[PDB]
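# Take a look and give me a structure for this.
(chains A and B)
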Protein chains: 2
Amino acid sequence: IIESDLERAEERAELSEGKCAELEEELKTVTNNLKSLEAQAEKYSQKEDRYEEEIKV
Amino acid sequence: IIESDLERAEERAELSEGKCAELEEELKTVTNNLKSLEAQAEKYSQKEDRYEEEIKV
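Numbering: from 1, shown residues only, chains lettered A, B, ... in the order given. Now the structure:
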């Protein structure tokens, strides 16, 4: 029973690890897309500041 | 040995579950921050355009 539970526990370690890896890829995907959006926000903010500066000019 | 392996396999499932939850929370946090930044990048883009209009004005 315990060995069956072990195979299942190992399977669950693998499924949860699997899901962690999936989340790591999804997380990196959104983190990297966030870096893109953050960078876009940054660029848009840099341009926004350039435009604010242009407004100031 | 098998119980110990079960306990550690379950521990791994729990550690992985722990990490999973952290990654899941981070996936949502980052995705939500991404969405915030999708919206902000757009708001800043809009500021680029609103600012271009103020510049034009």
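# near chain B, which residues of chain A show up?
A:2-3, A:5-6, A:9-10, A:12-13, A:15-17, A:19-20, A:23-24, A:26-27, A:30-31, A:33-34, A:37-38, A:40-41, A:44-45, A:47-48, A:51-52, A:54-55 (CB under 8 Å from any CB of the partner chain). For the C-beta atoms, the positions are set from N, CA and C on the backbone; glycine is no exception.
# ok, residues contacting stretch A:46-56?
Stretch A:46-56 has contacts (CB atoms under 8 Å, 6 or more residues apart in numbering or on different chains) with B:44, B:47-48, B:51-52, B:54-55.
# Select from those residues every entry located in strands.
Residues from these lying in strands, with DSSP state E as the criterion: none.
# Tell me the buried residues within those residues.
B:44, B:47-48, B:51 (16 or more other CB atoms under 10 Å in any protein chain shown).
# Could you double-check that residue A:16 lies in contact with residue B:11?
No - using CB atoms under 8 Å, residue A:16 is not in contact with residue B:11, being 11.1 Å away.
# quick one: which of these two has more around it?
residue A:16 (21 against 16; other CB atoms under 10 Å in any protein chain shown).
# Tell me how many other residues crowd residue A:15.
Residues contacting residue A:15 under the criterion other CB under 10 Å number 15.
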